[PDB]
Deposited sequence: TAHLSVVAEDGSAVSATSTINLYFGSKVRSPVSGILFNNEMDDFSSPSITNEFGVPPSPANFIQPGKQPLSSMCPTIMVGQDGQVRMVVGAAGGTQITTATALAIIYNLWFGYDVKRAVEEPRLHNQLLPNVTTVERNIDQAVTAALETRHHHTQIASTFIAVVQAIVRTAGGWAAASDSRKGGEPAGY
């Protein structure tokens, strides 16, 4: 999965998220076209096993049908119709939690767009029943959860990849996630 944000000079914007699902997808690459294919079928629910989430009938496979996605490409706009944020995330199933944390860190905690993107992240999706935190999270946060009876566990790598652009009085502030190693461009 990959996300990117964009702001044009005329003030228009695009938040885009794209995926082949899992790393390298289905692991089928055409020897002719070089096209590497999605394992998006994995994202439907089966009447069989758990990954986790019990069989959920509203997401069962049907012909012609779109699997439920974790992706949420977002654009925030002022009342005055001027664009204020273009954000989203990618990476496993932590897309929706990271996106929210990015919005929260900027909109409410007052963090600059780079801090918003670099700040440690946490994740809980109910099923399965665990709170996950990034390795360099504030440990007072860890303790506060562990004493309100959250059973935490540290992530081996990192939680999600976030690309954001925020509007400021000084212009457009942008950040790509160092976890995946991108950098933005502009003028």
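Residues of the deposited sequence lacking C-alpha coordinates, counted from 1, fall in a single stretch, 52-53.
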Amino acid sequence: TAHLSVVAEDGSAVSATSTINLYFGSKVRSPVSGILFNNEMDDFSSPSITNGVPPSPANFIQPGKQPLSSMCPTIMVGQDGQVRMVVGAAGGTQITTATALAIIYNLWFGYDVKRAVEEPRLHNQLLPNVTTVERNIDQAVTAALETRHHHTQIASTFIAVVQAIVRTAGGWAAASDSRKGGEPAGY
From here on, numbers count along this sequence of modelled residues.
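Take the two forms, superpose them, and find the largest set of C-alpha atoms that agree within 1.5 Å; that set is the rigid core.
Stretch comparison, 84-92 versus 70-78: after rigid core superposition, larger RMS CA deviation in 9 other deposited structures of this protein is found for 84-92. In terms of root mean square C-alpha deviation after superposing on the rigid core in 9 other deposited structures of this protein, the stretch standing farther out between 28-36 and 42-50 is 42-50. In the PDB entry, the Cα temperature factor peaks, among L122, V32, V28, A140, at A140. Per the deposited record, the Cα B-factor of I20 falls in the lowest third when ranked against the other modelled residues of its chain. For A2, the recorded CA temperature factor ranks within the lowest third of the chain's modelled residues. Looking at the C-alpha B-factors along this chain, the one for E118 belongs to the middle third. Sort the chain's modelled residues by C-alpha temperature factor and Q79 lands in the highest third, per the entry.
In the deposited entry, the Cα temperature factor of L68 sits in the middle third of values across the chain's modelled residues.
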